[PDB]
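Each chain, letter by letter, is given below.
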Amino acid sequence: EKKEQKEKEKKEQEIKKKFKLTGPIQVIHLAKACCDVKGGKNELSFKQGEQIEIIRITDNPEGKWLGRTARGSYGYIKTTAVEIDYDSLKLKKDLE
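Residues numbered from 1 in each chain as written, not as in the entry; some residues may be left out. Heavy atoms only, no water.

As documented in the archive entry, the model was determined using solution NMR.

Okay, here's the thing in structure tokens:
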């Protein structure tokens, strides 16, 4: 199907230039932002229990990863602001 552009908000337009995700991006892991976080202008405006996905493991000076909420907001993440799991790539919590 046309799973190329989804266009949810007006946010992904910007993030494609700002964080540079212009094109096809894949998840590296599944994060879940915890707690009350800084979440500034470069960061994702997420929250505690926010189901975000990180698409980019950045080594870039920001010292942040590139994540996105299920709400369609992409942002940098302090690696401490989220719970980064490898489990969530498979989801083996139930495992049935």
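Following the structure, the description resumes.
Visitor: What am I meant to see in the sheet that holds strand β4 (residues 74-77) here?
Guide: On the basis of which strands lie adjacent, the open sheet formed by four strands has the order β1-β2-β3-β4 and antiparallel pairing. Edge positions in the sheet fall to β1 (29-33) and β4, since each has one partner strand and no second. Geometrically, the sheet is characterised by an average inter-axis angle of 40 degrees between neighbouring strands, direction not taken into account. Examined bridge by bridge, strand β3 (residues 65-69) and β4 share four bridges and lie antiparallel to one another. Across the sheet, the residue bridging to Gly67 is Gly75, located in β4. (Pairing = 2+ DSSP bridges. Helix = DSSP H or I, 4+ residues; strand = E, 2+ residues; numbered from the N terminus. Axes fitted to C-alpha atoms, helices over the stretch in contact; angles between N-to-C directions.)

Visitor: Mind showing me how you'd approach the pattern of salt bridges here?
Guide: Think of it this way: side chains of opposite charge can pair up when their charged atoms draw near. Under the counting rule described, the total for this entry stands at five salt bridges. For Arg71, the salt bridge goes to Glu50, with nearest N and O atoms at 2.7 Å. Here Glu50 lies in strand β2 (residues 50-56) and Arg71 lies in the loop between β3 and β4, a separation of 21 residues in the sequence. The class for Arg71 is partly exposed, based on a relative accessible area of 46%. Exposure remark for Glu50: the relative accessible area of 16% places this residue in the buried category. (Salt bridge = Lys/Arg side-chain N within 4 Å of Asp/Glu carboxyl O. Buried < 20%, exposed > 50% of the residue type's maximum accessible area, 1.4 Å probe, protein only.)

Visitor: Quick question: what am I supposed to make of the packing of aromatic side chains here?
Guide: Any pair of aromatic rings gets described here by the distance separating the centres and the angle formed by the planes. Enumeration over the complete set of coordinates arrives at one aromatic pair. Seen from their ring centres, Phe19 and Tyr76 are 4.9 Å apart, and the 85 degrees between their planes marks the pair as edge-to-face. Here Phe19 is found in the loop between α1 (11-18) and β1, whereas its partner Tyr76 is found in strand β4, with 57 residues between them in sequence. Taking relative accessible area as the criterion, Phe19 reaches 5% and is therefore assigned buried. (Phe/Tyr/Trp six-rings, centres within 6.5 Å; stacked < 30°, edge-to-face > 60°.)

Visitor: How do you make sense of the state of the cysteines when you look at a structure like this?
Guide: Note on terminology: disulfide describes a covalent bond linking the sulfur atoms of two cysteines. All told, the structure shown has one disulfide when counted by the stated rule. Between the sulfur atoms of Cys34 and its disulfide partner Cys35 the distance amounts to 2.1 Å. Taking the sign of the torsion about the S-S bond as the criterion, the disulfide between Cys34 and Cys35, at about 70 degrees, is right-handed. On the basis of relative accessibility, which here comes to 19%, the residue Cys34 falls in the buried class. (Disulfide = S-S within 2.5 Å.)

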